[PDB]
Amino acid sequence: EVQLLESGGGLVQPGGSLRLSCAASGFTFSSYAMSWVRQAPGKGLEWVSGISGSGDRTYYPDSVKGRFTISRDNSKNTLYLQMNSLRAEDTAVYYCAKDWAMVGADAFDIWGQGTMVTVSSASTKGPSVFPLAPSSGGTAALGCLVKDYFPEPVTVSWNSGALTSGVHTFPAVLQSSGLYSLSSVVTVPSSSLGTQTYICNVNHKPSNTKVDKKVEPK
Amino acid sequence: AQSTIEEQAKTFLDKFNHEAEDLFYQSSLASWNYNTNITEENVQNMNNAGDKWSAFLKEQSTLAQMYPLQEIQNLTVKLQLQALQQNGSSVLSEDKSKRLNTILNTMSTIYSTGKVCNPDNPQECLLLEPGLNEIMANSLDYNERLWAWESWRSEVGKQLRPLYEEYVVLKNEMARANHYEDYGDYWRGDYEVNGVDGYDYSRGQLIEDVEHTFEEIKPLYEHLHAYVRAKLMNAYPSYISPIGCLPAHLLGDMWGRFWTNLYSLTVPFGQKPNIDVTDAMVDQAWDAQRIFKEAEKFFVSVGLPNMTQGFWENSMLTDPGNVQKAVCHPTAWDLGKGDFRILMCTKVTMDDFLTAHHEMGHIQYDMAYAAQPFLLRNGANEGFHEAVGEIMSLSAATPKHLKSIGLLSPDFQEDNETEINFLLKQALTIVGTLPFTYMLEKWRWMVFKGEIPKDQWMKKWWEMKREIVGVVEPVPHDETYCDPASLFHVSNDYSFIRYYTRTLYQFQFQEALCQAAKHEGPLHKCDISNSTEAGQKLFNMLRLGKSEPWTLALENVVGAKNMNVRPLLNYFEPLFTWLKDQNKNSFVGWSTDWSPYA
Amino acid sequence: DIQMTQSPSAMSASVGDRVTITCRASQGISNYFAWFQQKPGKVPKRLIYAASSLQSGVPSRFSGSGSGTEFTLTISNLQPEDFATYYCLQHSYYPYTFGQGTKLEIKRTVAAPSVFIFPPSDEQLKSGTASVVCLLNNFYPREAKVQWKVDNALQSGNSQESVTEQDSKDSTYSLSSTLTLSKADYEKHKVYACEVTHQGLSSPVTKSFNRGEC
Ligand SMILES: *[C@@H]1O[C@H](CO[C@@H]2O[C@@H](C)[C@@H](O)[C@@H](O)[C@@H]2O)[C@@H](O[C@@H]2O[C@H](CO)[C@@H](O)[C@H](O)[C@H]2NC(C)=O)[C@H](O)[C@H]1NC(C)=O
Ligand SMILES: *[C@@H]1O[C@H](CO[C@@H]2O[C@@H](C)[C@@H](O)[C@@H](O)[C@@H]2O)[C@@H](O[C@@H]2O[C@H](CO)[C@@H](O)[C@H](O)[C@H]2NC(C)=O)[C@H](O)[C@H]1NC(C)=O
Ligand SMILES: *[C@@H]1O[C@H](CO)[C@@H](O[C@@H]2O[C@H](CO)[C@@H](O)[C@H](O)[C@H]2NC(C)=O)[C@H](O)[C@H]1NC(C)=O
Ligand SMILES: *[C@@H]1O[C@H](CO)[C@@H](O)[C@H](O)[C@H]1NC(C)=O
Ligand SMILES: *[C@@H]1O[C@H](CO)[C@@H](O)[C@H](O)[C@H]1NC(C)=O
Ligand SMILES: *[C@@H]1O[C@H](CO)[C@@H](O)[C@H](O)[C@H]1NC(C)=O
């Protein structure tokens, strides 16, 4: 079976460099053209670059011409993408996909899982947990604000995961300062306020931040 | 950028070239081992390799047919794809294709084995070679020549007629099935250029040009014909009318393709000594080594490369003797992988000197386009190789070169009569063949086009003989005969117009290279030796192979997109004026109605 | 450069409806076409590869048609696991280009949002920032207009919103708008209000408060 795999994703400074690797296995690598396809966060897809079979002719699109360089070593069954002079607009997930062979019209059909390439001048910053207190129609809402953190991901749970009804964890947004800001809320019956315990659990693996904040009625 | 079809075709062509190089090298090596040492093991190995190569080629053709030509924008890949996609015979059904191969082999066999026996002595029987050729070349007896001519024709052509009828019908079916008008259109397709703006060339433009140029050639041939007619009247008194055509069996060979063997009977000034330098070569103890060394020195003197050490190490330049029998027909072998040899059983004669120059010109042509991809390693068209060899031999034959090399005495006086002798001997060969070639191909084209019904094939053949060539049959022939098929090229499915086109090309090239060499005197005395400019100008065309259109390649050297007759006429101008003076009191032309029978 | 204009951009349909997505090429692209499905957070999976050839392991309800310049993807009868985003891709001439994508959403009955307001915590004020959040809970359709009004002065450029994915149970949206200010600007003003207008409301609903009062 064919199981394309990718690696090389990390954090780099603007203007920095990075070399992506895509390891191919399960087929005669030397007889298939390979391609790179990216996905900007919440946008569509684009064709980053493309190579021919015997690693000769390499094609490029007007957007990333002259900055990126595709290459392959048919010995190690490895495909590479060398990217220099990165800019904030290059932030995307990158996939390596199989392409045409030599006769048929078959195309992209096996893709890897992707790797996340973030380009930002921020370094690492741990968040801050601000309580949202209730003062509303049979049910009441309450939540916790995770502010000023970088990078992804953060996992938010409520009461160790024992409370799931009415939970709504919003997608993060990137504020001007180059930091991420996310919000999580939960709705609960107004008869449970002083009775039930509501725990905001925040875990941020990249910054190793574990915070348990107690939300109480006022 | 480009499409996704192109890139796929590019990868396919890389794979095909790399797979095919080795198979072609093995097949060529096998055929060389056969042709220099005839044994059964070698012929079996040869046929095995040839069948393997043909199977590989058909497999790659059927595979390559799946790439749609219309989407290719790169001219080189387009040419290679077209060359590979040629269906050929495959568009025929199986049974008729087998029958076609059967009839081809039957015609070839019956031609190569036919014998005619002398009725006066029924135990003596002769085949065409060497008997009939020796008789038709040396006999001065009218009745004997007529007997040979009529026996050969009335024997072999009667057998050949129906086989040729079925050959015509099957070949026309095949050609029409492959989206052509007829087989003649297929043959003319070799000259077609389609896609380059300003250099295109249709298949009918060839007919137009050939007729337009024969029109300009006509007067010189008319005067030569009148002169030869007078000399033959002097040779066979009371047998030839002073106003009629020449009897077909008195022309010097079996068909009249060359009037070369009439030189002994038509020499203008037999009092002058002939420039035969054979005795000088023999007295200096020259051998084949020295001959080929001199040819190599000639080719290097104009800026072309040496021969490879492999050539000198692997070629067979002498007869291996009685123990080992070989084929002695001079051939230039392009084995591939940079291996080049020449097979020729050279004798110590001036003719073999000239043919060594010719064959080494062939080899230089082959060497010059070696860096091209496989399917592009070929002449621009079918006439270029012979034109190059022939211009080499022309340059080598000039008396200036013979004097400078030291085989002719420095005090050899060049009168105005040796030049007329040389020009007449050249004309008997070079211009005598053009009406024959043009008429033969015109007849073939008309037969394939269906303009001549089967019930008047020979009628139109001899009508065209009379009208164009000025030659009349000695005895009448009905529709049972098939005299055109009694020639090798007709019964063996070879095109013939290549010789006309090459005859014009060779003098175009000679004019270009002598103008480049700053020559001043009459053109026939031009020797391009020691002219690096001419060498470079010729190499610039040699290097193209079949990558670029032939029109551009011809323009690169001569500056013209089409064939031209004025170079030939300028070559023969002195002889032309001499004939015009010599024919002042002779009739020029011929009546088409007089016949040697009534 | 071949330019692909996909229509429509969005689309909602019920189970069983016949859905047709179009992808148009500005020039001819022969038979090199392909349609890809993408669920959220997953990898694109190929459905059709020669403008009309189904991929092995893909149910027969998916079908592709067209050629030349106009192409059409068609789903015979929708299914729960068919709610996703569909991309067309041409790979004939270099370079290659995708479509803008088409999101196929669930169709439900109109629902009005529950509005809540949360003032800034005092601790956050000690931290140096203040955020007032107005939440729109469980509404449909997605078209909604949120306006912030501070002391009857219309505010612009100091709020951000984000909307959830189609809810798995009721196919309803939830929106949050968070405005961030400095302590200085926070103490410069009194009334903070979030006014929501939605299809499910007959008249705009305004919820407001006055700074430092109960
Ligand atoms: C046409 O394409 C060739 C490349 O294709 C190669 O030759 C083909 C005939 C076929 O054999 C393919 O499979 C081969 O791969 C172009 O030639 C290349 O040009 C580039 C740019 O100068 C150069 O880097 C390469 O060396 C060339 N290729 C080789 C084999 O040397 C050629 O330019 C194309 N035609 C035109 C008009 O651009
Ligand atoms: C050359 O031949 C091909 C294919 O011919 C068929 O396959 C051969 C091996 C032999 O068996 C023939 O008798 C067969 O008929 C022609 O390609 C066909 O073109 C037509 C119209 O363009 C199309 O409808 C067919 O499907 C094609 N066949 C295939 C197999 O693709 C081609 O037109 C012929 N002429 C050329 C190339 O000039
Ligand atoms: C090309 O030029 C060379 C000049 O070196 C010619 O070689 C000389 O030819 C004369 C002719 O008799 C000899 O006497 C000299 O001894 C030669 N010199 C050398 C170094 O070989 C050469 O002959 C010219 N080419 C032709 C075809 O004549
Ligand atoms: C020719 O072939 C014969 C028979 O195999 C062999 O004995 C002989 O050596 C060959 N001659 C040459 C010159 O190879
Ligand atoms: C070509 O061969 C001649 C023959 O002697 C030799 O002198 C010369 O050096 C050779 N030139 C090259 C380039 O090999
Ligand atoms: C050669 O010259 C002689 C004397 O000058 C002249 O009589 C003769 O006609 C010339 N021959 C030719 C063929 O012109």
# chains A, B, ... in the order shown; residues from 1 in each chain; ligands from 1

$ residues_around --residues "stretch 197-205 of chain C" --least-positions-apart "5" --cutoff "9 Å" --atoms "only C-alpha atoms" --output "ChimeraX atom specification"
/C:110-113,115,139-147

$ write_last_selection --atoms "C-alpha atoms" --output "PDB file, in the first residue's frame"
ATOM      1  CA  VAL C 110     -35.801  30.070  11.270  1.00  0.00           C
ATOM      2  CA  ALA C 111     -34.577  30.476  14.862  1.00  0.00           C
ATOM      3  CA  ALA C 112     -33.953  33.733  16.809  1.00  0.00           C
ATOM      4  CA  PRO C 113     -30.773  34.151  18.892  1.00  0.00           C
ATOM      5  CA  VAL C 115     -28.622  37.377  23.632  1.00  0.00           C
ATOM      6  CA  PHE C 139     -29.954  31.238  15.457  1.00  0.00           C
ATOM      7  CA  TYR C 140     -30.690  30.486  11.787  1.00  0.00           C
ATOM      8  CA  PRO C 141     -30.124  31.683   8.981  1.00  0.00           C
ATOM      9  CA  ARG C 142     -26.503  32.823   9.172  1.00  0.00           C
ATOM     10  CA  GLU C 143     -27.242  36.337   7.894  1.00  0.00           C
ATOM     11  CA  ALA C 144     -27.120  38.602  10.945  1.00  0.00           C
ATOM     12  CA  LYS C 145     -26.040  42.175  11.652  1.00  0.00           C
ATOM     13  CA  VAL C 146     -24.435  43.180  14.963  1.00  0.00           C
ATOM     14  CA  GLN C 147     -23.966  46.830  15.939  1.00  0.00           C
TER      15      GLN C 147
END

$ residues_near_ligand --ligand "ligand 3" --cutoff "8 Å" --atoms "only C-alpha atoms and all ligand atoms" --output "MDAnalysis selection string"
chainID B and resid 298 301 400:401 403:406 527 529:530

$ write_last_selection --atoms "N, CA, C and O atoms" --output "PDB file, in the first residue's frame"
ATOM      1  N   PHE B 298      42.274  14.907 -47.508  1.00  0.00           N
ATOM      2  CA  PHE B 298      41.412  15.827 -48.247  1.00  0.00           C
ATOM      3  C   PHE B 298      40.299  16.364 -47.358  1.00  0.00           C
ATOM      4  O   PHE B 298      40.053  17.574 -47.316  1.00  0.00           O
ATOM      5  N   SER B 301      41.546  18.749 -44.719  1.00  0.00           N
ATOM      6  CA  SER B 301      42.044  20.020 -45.237  1.00  0.00           C
ATOM      7  C   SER B 301      40.976  21.102 -45.341  1.00  0.00           C
ATOM      8  O   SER B 301      41.332  22.273 -45.508  1.00  0.00           O
ATOM      9  N   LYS B 400      43.180  19.834 -61.034  1.00  0.00           N
ATOM     10  CA  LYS B 400      44.022  20.601 -60.119  1.00  0.00           C
ATOM     11  C   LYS B 400      44.377  19.789 -58.879  1.00  0.00           C
ATOM     12  O   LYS B 400      45.532  19.784 -58.437  1.00  0.00           O
ATOM     13  N   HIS B 401      43.387  19.118 -58.285  1.00  0.00           N
ATOM     14  CA  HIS B 401      43.660  18.269 -57.129  1.00  0.00           C
ATOM     15  C   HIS B 401      44.622  17.140 -57.483  1.00  0.00           C
ATOM     16  O   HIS B 401      45.558  16.857 -56.727  1.00  0.00           O
ATOM     17  N   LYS B 403      46.895  17.087 -59.764  1.00  0.00           N
ATOM     18  CA  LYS B 403      48.238  17.639 -59.915  1.00  0.00           C
ATOM     19  C   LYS B 403      48.857  17.973 -58.562  1.00  0.00           C
ATOM     20  O   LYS B 403      50.015  17.631 -58.296  1.00  0.00           O
ATOM     21  N   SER B 404      48.099  18.654 -57.699  1.00  0.00           N
ATOM     22  CA  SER B 404      48.612  19.060 -56.394  1.00  0.00           C
ATOM     23  C   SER B 404      48.955  17.875 -55.502  1.00  0.00           C
ATOM     24  O   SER B 404      49.850  17.977 -54.656  1.00  0.00           O
ATOM     25  N   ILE B 405      48.263  16.747 -55.670  1.00  0.00           N
ATOM     26  CA  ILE B 405      48.561  15.567 -54.862  1.00  0.00           C
ATOM     27  C   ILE B 405      49.788  14.815 -55.374  1.00  0.00           C
ATOM     28  O   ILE B 405      50.369  14.013 -54.633  1.00  0.00           O
ATOM     29  N   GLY B 406      50.209  15.064 -56.609  1.00  0.00           N
ATOM     30  CA  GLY B 406      51.423  14.485 -57.145  1.00  0.00           C
ATOM     31  C   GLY B 406      51.284  13.212 -57.948  1.00  0.00           C
ATOM     32  O   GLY B 406      52.303  12.572 -58.232  1.00  0.00           O
ATOM     33  N   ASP B 527      38.047  23.388 -57.149  1.00  0.00           N
ATOM     34  CA  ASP B 527      38.443  22.460 -56.090  1.00  0.00           C
ATOM     35  C   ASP B 527      38.382  23.176 -54.745  1.00  0.00           C
ATOM     36  O   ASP B 527      39.146  24.117 -54.507  1.00  0.00           O
ATOM     37  N   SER B 529      39.274  22.323 -51.862  1.00  0.00           N
ATOM     38  CA  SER B 529      40.302  21.997 -50.878  1.00  0.00           C
ATOM     39  C   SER B 529      40.895  23.263 -50.266  1.00  0.00           C
ATOM     40  O   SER B 529      41.005  24.303 -50.919  1.00  0.00           O
ATOM     41  N   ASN B 530      41.271  23.164 -48.986  1.00  0.00           N
ATOM     42  CA  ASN B 530      41.937  24.250 -48.263  1.00  0.00           C
ATOM     43  C   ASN B 530      41.041  25.474 -48.114  1.00  0.00           C
ATOM     44  O   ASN B 530      41.523  26.608 -48.082  1.00  0.00           O
TER      45      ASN B 530
END

$ select_by_dssp --residues "stretch 317-412 of chain B" --states "alpha helix (DSSP H)" --output "PyMOL selection string"
chain B and resi 350-368+384-397+399-405

$ select_by_dssp --residues "stretch 11-138 of chain C" --states "strand (DSSP E)" --output "number ranges by chain"
C: 11-13, 19-25, 33-38, 45-48, 62-67, 70-75, 85-90, 97-98, 102-106, 114-118, 129-138

$ write_last_selection --atoms "C-alpha atoms" --output "PDB file, in the first residue's frame"
ATOM      1  CA  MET C  11     -25.837  26.040  -0.845  1.00  0.00           C
ATOM      2  CA  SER C  12     -28.321  24.506   1.611  1.00  0.00           C
ATOM      3  CA  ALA C  13     -30.462  21.461   0.873  1.00  0.00           C
ATOM      4  CA  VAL C  19     -27.777  19.114  -5.741  1.00  0.00           C
ATOM      5  CA  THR C  20     -25.792  20.418  -8.720  1.00  0.00           C
ATOM      6  CA  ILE C  21     -22.462  22.249  -8.419  1.00  0.00           C
ATOM      7  CA  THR C  22     -20.888  23.933 -11.444  1.00  0.00           C
ATOM      8  CA  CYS C  23     -17.239  24.653 -12.283  1.00  0.00           C
ATOM      9  CA  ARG C  24     -16.477  26.724 -15.393  1.00  0.00           C
ATOM     10  CA  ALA C  25     -13.143  27.082 -17.192  1.00  0.00           C
ATOM     11  CA  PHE C  33     -10.750  17.393 -14.400  1.00  0.00           C
ATOM     12  CA  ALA C  34     -11.281  16.222 -10.827  1.00  0.00           C
ATOM     13  CA  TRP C  35     -13.689  16.822  -7.936  1.00  0.00           C
ATOM     14  CA  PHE C  36     -12.546  16.642  -4.301  1.00  0.00           C
ATOM     15  CA  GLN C  37     -14.549  16.457  -1.073  1.00  0.00           C
ATOM     16  CA  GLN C  38     -13.234  17.933   2.184  1.00  0.00           C
ATOM     17  CA  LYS C  45     -10.563  12.828  -0.891  1.00  0.00           C
ATOM     18  CA  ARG C  46     -10.986  12.295  -4.632  1.00  0.00           C
ATOM     19  CA  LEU C  47     -14.442  11.474  -5.996  1.00  0.00           C
ATOM     20  CA  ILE C  48     -14.106  11.741  -9.805  1.00  0.00           C
ATOM     21  CA  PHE C  62     -22.060  10.831  -6.894  1.00  0.00           C
ATOM     22  CA  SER C  63     -21.823  11.465 -10.632  1.00  0.00           C
ATOM     23  CA  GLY C  64     -19.931  13.792 -12.938  1.00  0.00           C
ATOM     24  CA  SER C  65     -20.732  15.176 -16.360  1.00  0.00           C
ATOM     25  CA  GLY C  66     -19.722  17.794 -18.911  1.00  0.00           C
ATOM     26  CA  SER C  67     -16.670  18.482 -21.069  1.00  0.00           C
ATOM     27  CA  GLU C  70     -18.576  23.738 -18.844  1.00  0.00           C
ATOM     28  CA  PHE C  71     -18.685  21.019 -16.178  1.00  0.00           C
ATOM     29  CA  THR C  72     -21.252  19.839 -13.627  1.00  0.00           C
ATOM     30  CA  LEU C  73     -21.067  17.750 -10.460  1.00  0.00           C
ATOM     31  CA  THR C  74     -24.356  16.135  -9.429  1.00  0.00           C
ATOM     32  CA  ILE C  75     -25.456  14.234  -6.322  1.00  0.00           C
ATOM     33  CA  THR C  85     -17.050  21.296   0.912  1.00  0.00           C
ATOM     34  CA  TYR C  86     -16.423  20.401  -2.742  1.00  0.00           C
ATOM     35  CA  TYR C  87     -13.502  21.650  -4.862  1.00  0.00           C
ATOM     36  CA  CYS C  88     -12.927  21.347  -8.594  1.00  0.00           C
ATOM     37  CA  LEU C  89      -9.369  21.116  -9.909  1.00  0.00           C
ATOM     38  CA  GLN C  90      -7.980  21.253 -13.438  1.00  0.00           C
ATOM     39  CA  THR C  97      -5.790  26.022 -10.123  1.00  0.00           C
ATOM     40  CA  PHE C  98      -8.552  25.022  -7.712  1.00  0.00           C
ATOM     41  CA  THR C 102     -18.789  25.209  -2.223  1.00  0.00           C
ATOM     42  CA  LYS C 103     -20.087  24.585   1.302  1.00  0.00           C
ATOM     43  CA  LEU C 104     -23.244  22.458   1.452  1.00  0.00           C
ATOM     44  CA  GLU C 105     -25.211  23.324   4.605  1.00  0.00           C
ATOM     45  CA  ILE C 106     -28.282  21.920   6.350  1.00  0.00           C
ATOM     46  CA  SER C 114     -30.559  34.219  22.677  1.00  0.00           C
ATOM     47  CA  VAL C 115     -28.622  37.377  23.632  1.00  0.00           C
ATOM     48  CA  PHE C 116     -26.409  37.600  26.745  1.00  0.00           C
ATOM     49  CA  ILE C 117     -23.994  40.256  28.040  1.00  0.00           C
ATOM     50  CA  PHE C 118     -20.932  39.777  30.273  1.00  0.00           C
ATOM     51  CA  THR C 129      -7.420  45.439  29.475  1.00  0.00           C
ATOM     52  CA  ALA C 130     -11.217  45.249  29.324  1.00  0.00           C
ATOM     53  CA  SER C 131     -13.373  43.045  27.093  1.00  0.00           C
ATOM     54  CA  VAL C 132     -17.166  43.238  26.766  1.00  0.00           C
ATOM     55  CA  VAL C 133     -18.736  40.243  25.003  1.00  0.00           C
ATOM     56  CA  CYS C 134     -22.198  39.973  23.430  1.00  0.00           C
ATOM     57  CA  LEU C 135     -23.285  36.438  22.516  1.00  0.00           C
ATOM     58  CA  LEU C 136     -25.868  35.338  19.929  1.00  0.00           C
ATOM     59  CA  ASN C 137     -26.974  31.783  20.735  1.00  0.00           C
ATOM     60  CA  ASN C 138     -28.638  29.254  18.412  1.00  0.00           C
TER      61      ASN C 138
END

$ residues_near_ligand --ligand "ligand 2" --cutoff "7 Å" --atoms "only C-alpha atoms and all ligand atoms" --output "ChimeraX atom specification"
/B:62,65-66,85-87,90-93,178-179

$ write_last_selection --atoms "N, CA, C and O atoms" --output "compact mmCIF listing (two decimals), in the first residue's frame"
# COMPACT_ATOMS: atom_id res chain seq x y z
N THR B 62 2.50 0.97 -31.50
CA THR B 62 1.15 0.81 -30.96
C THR B 62 1.00 1.50 -29.61
O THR B 62 -0.09 2.00 -29.29
N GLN B 65 0.92 5.49 -30.26
CA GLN B 65 -0.28 5.99 -30.92
C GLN B 65 -1.34 6.56 -29.97
O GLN B 65 -2.26 7.23 -30.45
N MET B 66 -1.23 6.35 -28.67
CA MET B 66 -2.22 6.86 -27.73
C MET B 66 -2.01 8.32 -27.30
O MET B 66 -2.82 8.82 -26.51
N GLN B 85 4.15 7.31 -35.06
CA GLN B 85 2.73 6.99 -35.21
C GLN B 85 2.36 6.41 -36.57
O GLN B 85 1.24 5.91 -36.71
N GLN B 86 3.23 6.51 -37.58
CA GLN B 86 2.96 5.88 -38.87
C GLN B 86 2.46 4.44 -38.75
O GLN B 86 3.23 3.55 -38.36
N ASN B 87 1.18 4.22 -39.04
CA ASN B 87 0.61 2.87 -39.06
C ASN B 87 1.39 1.94 -39.97
O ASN B 87 1.76 0.83 -39.58
N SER B 90 -0.01 -1.95 -41.06
CA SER B 90 -0.90 -2.53 -40.06
C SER B 90 -2.38 -2.25 -40.32
O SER B 90 -3.23 -2.97 -39.79
N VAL B 91 -2.71 -1.24 -41.13
CA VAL B 91 -4.12 -0.91 -41.35
C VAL B 91 -4.78 -1.91 -42.29
O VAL B 91 -6.01 -1.88 -42.45
N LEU B 92 -4.02 -2.85 -42.83
CA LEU B 92 -4.57 -3.90 -43.68
C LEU B 92 -5.04 -5.07 -42.83
O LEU B 92 -4.51 -5.32 -41.74
N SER B 93 -6.06 -5.79 -43.32
CA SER B 93 -6.43 -7.03 -42.66
C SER B 93 -5.32 -8.07 -42.81
O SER B 93 -4.39 -7.92 -43.61
N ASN B 178 -5.02 4.36 -45.09
CA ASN B 178 -4.25 5.18 -44.17
C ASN B 178 -4.42 6.68 -44.46
O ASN B 178 -3.47 7.46 -44.34
N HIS B 179 -5.60 7.08 -44.94
CA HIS B 179 -5.96 8.49 -45.13
C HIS B 179 -5.06 9.22 -46.13
O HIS B 179 -4.71 10.38 -45.95

$ interface_residues --of "chain C" --to "chain B" --cutoff "6 Å" --atoms "only C-alpha atoms" --output "number ranges by chain"
C: 92-94

$ interface_residues --of "chain A" --to "chain C" --cutoff "7 Å" --atoms "only C-alpha atoms" --output "ChimeraX atom specification"
/A:44-47,61,105-107,109,113,130-134,170

$ residues_near_ligand --ligand "ligand 5" --cutoff "12 Å" --atoms "only C-alpha atoms and all ligand atoms" --output "VMD selection string"
chain B and resid 292 to 301 303 to 309 312

$ interface_residues --of "chain A" --to "chain B" --cutoff "12 Å" --atoms "only C-alpha atoms" --output "number ranges by chain"
A: 31-33, 49-62, 99-107

$ write_last_selection --atoms "N, CA and C atoms" --output "CSV table (one decimal), in the first residue's frame"
chain,number,residue,atom,x,y,z
A,31,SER,N,8.9,6.8,-11.0
A,31,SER,CA,8.1,6.8,-12.3
A,31,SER,C,6.8,7.7,-12.1
A,32,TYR,N,6.7,8.5,-11.0
A,32,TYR,CA,5.6,9.3,-10.8
A,32,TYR,C,6.0,10.8,-10.5
A,33,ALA,N,5.4,11.7,-11.2
A,33,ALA,CA,5.5,13.1,-10.9
A,33,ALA,C,4.8,13.4,-9.6
A,49,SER,N,3.9,23.8,-6.0
A,49,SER,CA,4.9,23.5,-6.9
A,49,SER,C,4.7,22.1,-7.5
A,50,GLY,N,5.5,21.8,-8.5
A,50,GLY,CA,5.4,20.5,-9.2
A,50,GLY,C,6.7,20.2,-9.8
A,51,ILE,N,6.9,18.9,-9.9
A,51,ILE,CA,8.2,18.3,-10.4
A,51,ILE,C,7.8,17.2,-11.4
A,52,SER,N,8.8,16.9,-12.3
A,52,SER,CA,8.6,15.8,-13.2
A,52,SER,C,9.2,14.5,-12.7
A,53,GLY,N,9.2,13.4,-13.5
A,53,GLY,CA,9.6,12.1,-13.0
A,53,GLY,C,11.1,12.0,-12.7
A,54,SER,N,11.9,12.1,-13.7
A,54,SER,CA,13.4,11.9,-13.5
A,54,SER,C,14.0,13.2,-12.9
A,55,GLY,N,13.2,13.8,-12.0
A,55,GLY,CA,13.7,15.0,-11.3
A,55,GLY,C,14.4,16.1,-12.1
A,56,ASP,N,13.9,16.3,-13.3
A,56,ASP,CA,14.5,17.3,-14.2
A,56,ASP,C,13.6,18.5,-14.2
A,57,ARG,N,12.7,18.7,-15.2
A,57,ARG,CA,11.9,19.9,-15.3
A,57,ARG,C,11.1,20.1,-14.1
A,58,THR,N,11.3,21.3,-13.5
A,58,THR,CA,10.5,21.8,-12.3
A,58,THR,C,9.7,23.0,-12.7
A,59,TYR,N,8.4,22.9,-12.4
A,59,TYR,CA,7.5,24.0,-12.7
A,59,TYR,C,7.1,24.8,-11.5
A,60,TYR,N,6.7,26.0,-11.7
A,60,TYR,CA,6.3,26.9,-10.5
A,60,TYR,C,5.2,27.8,-10.9
A,61,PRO,N,4.5,28.3,-9.9
A,61,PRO,CA,3.4,29.3,-10.2
A,61,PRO,C,3.9,30.7,-9.9
A,62,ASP,N,3.3,31.7,-10.6
A,62,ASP,CA,3.7,33.1,-10.4
A,62,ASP,C,3.8,33.6,-9.0
A,99,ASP,N,1.0,12.4,-8.6
A,99,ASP,CA,0.5,13.1,-9.7
A,99,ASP,C,0.4,12.2,-10.9
A,100,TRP,N,0.6,12.7,-12.1
A,100,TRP,CA,0.4,11.9,-13.3
A,100,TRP,C,1.6,10.8,-13.4
A,101,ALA,N,1.3,9.8,-14.2
A,101,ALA,CA,2.3,8.8,-14.4
A,101,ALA,C,3.1,9.0,-15.7
A,102,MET,N,2.7,8.2,-16.7
A,102,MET,CA,3.3,8.4,-18.0
A,102,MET,C,2.3,8.2,-19.1
A,103,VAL,N,1.1,7.7,-18.9
A,103,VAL,CA,0.2,7.4,-20.0
A,103,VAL,C,-1.2,7.8,-19.6
A,104,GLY,N,-1.7,7.5,-18.4
A,104,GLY,CA,-3.1,7.8,-18.0
A,104,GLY,C,-3.3,9.2,-17.6
A,105,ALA,N,-4.6,9.5,-17.4
A,105,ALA,CA,-5.1,10.8,-17.0
A,105,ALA,C,-5.4,10.9,-15.5
A,106,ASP,N,-4.9,9.8,-14.8
A,106,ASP,CA,-5.1,9.8,-13.3
A,106,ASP,C,-4.3,11.0,-12.7
A,107,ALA,N,-4.8,11.3,-11.5
A,107,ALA,CA,-4.2,12.5,-10.9
A,107,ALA,C,-4.1,12.4,-9.4

$ residues_near_ligand --ligand "ligand 4" --cutoff "9 Å" --atoms "only C-alpha atoms and all ligand atoms" --output "mmCIF file with C-alpha atoms, in the first residue's frame"
data_model
loop_
_atom_site.group_PDB
_atom_site.id
_atom_site.type_symbol
_atom_site.label_atom_id
_atom_site.label_comp_id
_atom_site.auth_asym_id
_atom_site.auth_seq_id
_atom_site.Cartn_x
_atom_site.Cartn_y
_atom_site.Cartn_z
ATOM 1 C CA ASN B 33 29.062 -9.925 -38.867
ATOM 2 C CA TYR B 34 26.884 -11.514 -41.554
ATOM 3 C CA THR B 36 31.640 -9.786 -43.958
ATOM 4 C CA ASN B 37 31.615 -13.540 -43.281
ATOM 5 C CA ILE B 38 28.748 -15.501 -44.865
ATOM 6 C CA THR B 39 27.940 -18.500 -42.655
ATOM 7 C CA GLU B 40 24.638 -20.049 -41.518
ATOM 8 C CA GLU B 41 25.134 -19.161 -37.848
ATOM 9 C CA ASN B 42 25.570 -15.518 -38.847
ATOM 10 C CA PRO B 320 39.786 -11.320 -47.210
ATOM 11 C CA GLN B 324 36.453 -16.040 -46.546
#
